[PDB]
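Protein chains in written order, with the UniProt record's numbering: chain E, 1126 to 1147; chain P, 882 to 930.
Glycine residues also receive a C-beta, built at the ideal position from the N, C-alpha and C atoms.
Notes follow once the structure below has been shown.
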């Protein structure tokens, strides 16, 4: 992320993560 | 230069110039990420041309 200009800090949803708990 | 090709078919919509150039690059089968890390060099070459 140190090259592109204008990036933002936000979260990315992982659909696999809620399926691992079970 | 302001709205790309949108105004050709209907009402013009504002678009950032690098955003438009990304679409142009993608139109010839190149991933859009390539443009971002070479913007300075591309601009220099374009200015010299």
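Please report the distance separating the alpha-carbon of residue 1127 of chain E from that of residue 904 of chain P.
Along the first chain, one-based indexing puts residue 1127 of chain E at 2. Along the second chain, one-based indexing puts residue 904 of chain P at 23. Going from the Cα of residue 1127 of chain E to the Cα of residue 904 of chain P covers about 23 Å.
Going by DSSP in three states, residue 904 of chain P sits in which element: helix, strand or coil?
Taking the first residue of the second chain as 1, we reach residue 904 of chain P at position 23. DSSP places residue 904 of chain P in helix when its eight states are reduced to three.
Can you check which of these residues, P:891, P:910 and P:883, is closest to residue 900 of chain P by C-alpha distance?
Here residue 900 of chain P refers to the residue found at position 19 when the second chain is read from its first residue. With distances taken between Cα atoms, residue 900 of chain P lies closest to P:883.
Grab the span of the alpha helix (DSSP H) containing residue 1147 of chain E for me, first residue to last.
The residue labelled residue 1147 of chain E in the question sits at position 22 within the first chain. Unbroken run through residue 1147 of chain E: none, as it is neither H nor E.
How would you list, in chain order, the residues of chain E whose beta-carbon sits under 8 Å from the beta-carbon of residue 904 of chain P?
In the second chain, residue 904 of chain P corresponds to position 23, counting from 1. Within chain E, no residue comes near residue 904 of chain P; the closest Cβ sits about 17 Å away, beyond 8 Å.
Shortest alpha-carbon distance to residue 1129 of chain E belongs to which of P:919, P:929, P:926 and P:930?
Against the first chain, residue 1129 of chain E aligns to sequence position 4. Looking at the Cα atoms, P:919 is the closest of the given residues.
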